[PDB]
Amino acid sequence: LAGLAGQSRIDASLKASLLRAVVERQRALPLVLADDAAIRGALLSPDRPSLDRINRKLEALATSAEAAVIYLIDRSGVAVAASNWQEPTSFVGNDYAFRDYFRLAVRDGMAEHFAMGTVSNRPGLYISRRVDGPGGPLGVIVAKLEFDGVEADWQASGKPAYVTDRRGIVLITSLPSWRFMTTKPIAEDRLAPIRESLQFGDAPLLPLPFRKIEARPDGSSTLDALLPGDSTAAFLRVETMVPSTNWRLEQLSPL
């Protein structure tokens, strides 16, 4: 068992590292596109030829980065150009002012917020960066980062895992029906903030269904957990911070 806590911990730490790496690959996009002269170019003078170029510029990057979408928003919250410009789900002509990833980036310069997609209903990290001219803001570049990939790996690791934020909400998980569950408690009067924050409303916000929790001296714990399709089993849980985020990552190893 203590010989299982050892191996669990390195798995954990490694999954957390692959996650770190994956978040940072995506952060490089808005980072480099905030300063990009053709972006700036387009916002200063948004003519059709110009915005078609950026449409294609971004189409290619969503595909080389592996963003679900990269898109560029007007001074006033309108998406003017978008990786998905040729698809019937083209964000172009959409209103993002009531964003959080929008208004926060407008206010602070950059933002990162895990939210459900208006039309999609698919979770992910909106990574955004304000675009500037000399002497004033011009708009916002957003790239949105989905975790189906790392969630798929873990699911094949044989040690399930989910990730919670500071508030305690599972954002990323290898078992989808644990998404938006809680790990703390949480406090009644911060619930709609949150539902709103998440762009969901009716998220569960109930505790993970872990039963029979036993804390261990070395900091592990055991619990019982009914995984889907399975009869109930006992697990070793270990935990680790995900570097350069404010997330904890939590892992189960079958006993």
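Residue numbers here begin at 1 and follow the sequence given.
Look at the C-alpha B-factors of 91 to 99 and of 149 to 157. On average they run higher in 149 to 157.
Looking at 64 to 72 and 210 to 218 together, the entry lists the larger mean B-factor for 64 to 72, computed on C-alpha atoms. Highest CA B-factor among 196, 188, 224, 52, as stated in the entry: 52. Sorting the modelled residues of the chain by their CA temperature factor places residue 27 in the lowest third.
Looking at the C-alpha B-factors along this chain, the one for residue 144 belongs to the middle third.
In the deposited entry, the Cα temperature factor of residue 117 places it in the highest third of its chain's modelled residues. When all modelled residues of the chain are sorted by CA temperature factor, residue 237 is found within the lowest third. Ranked by C-alpha B-factor against the other modelled residues of its chain, residue 13 falls in the middle third.
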